[PDB]
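Some notes on the structure that comes next.
In this analysis, Cβ positions are derived from the backbone assuming ideal geometry, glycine residues included, and neighbour counts consider all displayed protein chains. A short reminder: the numbers here are calculations on the coordinates, not readings from a lab.
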Amino acid sequence: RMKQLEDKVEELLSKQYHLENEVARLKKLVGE
Amino acid sequence: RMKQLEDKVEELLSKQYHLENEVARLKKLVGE
Amino acid sequence: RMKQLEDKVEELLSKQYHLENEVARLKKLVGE
């Protein structure tokens with residue numbers, strides 16, 4: 001239970017950090 | 001309380017996948 | 001070890017809301 005969740009949360013958190021860097025870079029292109 | 005959690009992570013998993021999809025797509029369409 | 005998990009589910013939940021917001025706009029801002 002606990003462990004499984006913990007795994008799945010660090011992965012999603014991992015993904016999230018990247019997703020944000022991408023969106024930040026998308027914002028730059030398009031226009032500020 | 002653990003099923004609860006499974007439930008919110010369940011939600012986050014899904015929303016993350018549709019987000020990434022949207023972003024990848026946008027990245028493509030936008031271009032430089 | 002429970003509060004930690006709970007506290008992480010919130011970072012993800014929090015960032016998730018903001019990112020969907022960011023992309024939703026860029027979408028309209030691109031026509032997409």
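Mind listing whichever residues of chain A are loosely packed, with under 15 Cβ neighbours inside 10 Å and of a type in the set (S, T, N, Q)?
A:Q4, A:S14, A:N21
Please go through chain A and give me each residue that is within 16 Å of the chain's Cα centre (by Cα) and facing chain B (nearest Cβ under 8 Å), ordered by number.
Result: A:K8, A:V9, A:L12, A:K15, A:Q16, A:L19, A:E22, A:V23, A:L26.
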